[PDB]
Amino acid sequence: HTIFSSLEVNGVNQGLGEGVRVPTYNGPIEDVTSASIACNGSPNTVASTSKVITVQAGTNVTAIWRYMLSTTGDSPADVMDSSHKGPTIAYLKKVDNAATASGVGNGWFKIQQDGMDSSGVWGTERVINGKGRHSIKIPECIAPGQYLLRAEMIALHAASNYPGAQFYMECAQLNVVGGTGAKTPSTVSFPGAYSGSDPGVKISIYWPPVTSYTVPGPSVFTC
């Protein structure tokens, strides 16, 4: 239970729900076939925001994860419960109007992931124990203009069967400046990119303990 409730750009937090479409409640999506898997949604409610955040291509933005919208600290419990082990992931989608585009459908490409490292530590544990900071590089080589940024944490502690995996995601609204357009990503759809049968979705993280993890979705796009 967690929310990507603000984005840091150029080292400055852009504000709570400012340029990030935040849900009222911190619960997960569990149905990977739902329209809500793209940018969150029903049975939650997600707020619209008029802010589109300018970001220089090639630089990092940092999603700031918090337990609830009103949370005021950054200790582990202020981010997400330590039972919630799994990957962190981020995607972009080119859109016409980042303040209104829904994010459902084709156009997503993966730009970051952190599953399980060679020491058995999960991406979510780096966020939980890193003050909620989920750093994401905006590629330098993509086309400039308006995008959605979907940042996600998947908790797998209850994922031995499907449904069970818990998907926490929010979409931020970006204007990417300086992108060279030198490379056009291949894209996937949300819903569509994840299946309840995926090895990273239906998984028993303790039975036996896993030492390798396959993050769901496509490969990370690189310039």
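From 1 onward, residues are counted along the sequence shown.
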{"query": "Residue range whose averaged C-alpha B-factor is higher in the record, 17 to 25 or 202 to 210", "finding": "202 to 210"}
{"query": "Mean C-alpha temperature factor, higher of 137 to 145 and 84 to 92", "finding": "137 to 145"}
{"query": "Most elevated Cα B-factor in the entry, residues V121, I111, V104, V79", "finding": "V121"}
{"query": "Maximum C-alpha temperature factor, selected from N40, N161, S50, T62", "finding": "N161"}
{"query": "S70 - which third its CA temperature factor falls in, relative to the rest of the chain", "finding": "highest"}
{"query": "Lowest, middle or highest third - CA B-factor, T180", "finding": "highest"}
{"query": "Ranked against its chain, the third holding the CA B-factor of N44", "finding": "lowest"}
{"query": "Third assignment of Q166 from its chain's C-alpha B-factors", "finding": "lowest"}
{"query": "Cα B factor band for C223 (lowest, middle or highest third within the chain)", "finding": "highest"}
